[PDB]
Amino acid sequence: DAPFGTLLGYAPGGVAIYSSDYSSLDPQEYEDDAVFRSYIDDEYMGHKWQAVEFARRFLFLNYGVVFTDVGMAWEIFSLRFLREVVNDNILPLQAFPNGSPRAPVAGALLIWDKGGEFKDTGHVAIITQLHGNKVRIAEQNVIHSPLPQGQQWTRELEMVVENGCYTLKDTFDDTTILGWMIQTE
């Protein structure tokens, strides 16, 4: 909806979300040129303006941590540590599959496996708010249109809480949510 790089709004903590609609520019030039590389004070955030770039920038700006570089977003679910940028300390990161008895929390990484709408890249978003039966998430490269005034999330997902288990339902019908990740030993 909005041209590539357009500010669409902000996620909690004042983290910018940009349109990543690269349907008007050279694809090869898109993956090779350094102008598509996002940084914050020499710290590499990711590729403009993919889902991984946003997730890493959000953690960096709000928690002072980052997860390692990955080729595909679904690979984040296999990571087991976060790195504290200020001193390079390593912190444990745990993965909780969808339907887990461990409830997600605000600020948690939500990972999608490759499949359906997220073909072979999968996806990653940040869970921003938890409610009775829904969670609000913030993400890049899904919504490319400006967000409503005061709205600091991109999508709302239904959350089913049954028999002590938490299951998130995506807005898409052909996708697969791997689960969420929280900083813990």
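Don't overthink the numbering: it's just position in the shown sequence, from 1.
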Averaging the C-alpha B factors as listed in the entry, name the stretch that ends up higher: 134-142 or 35-43.
35-43
May I ask you to compare 26-34 and 48-56 by their mean CA B factor in the entry and name the higher one?
26-34
Rank-wise, by C-alpha B-factor, drop residue 168 into the lowest, middle or highest third of its chain.
middle
Among the modelled residues of its chain, the C-alpha B-factor of residue 70 falls in the third labelled highest
In terms of the CA temperature factor given in the entry, to which third of its chain does residue 155 belong: lowest, middle or highest?
middle
Please rank the C-alpha B-factors of the chain's modelled residues and tell me whether residue 182 sits in the lowest, middle or highest third.
middle
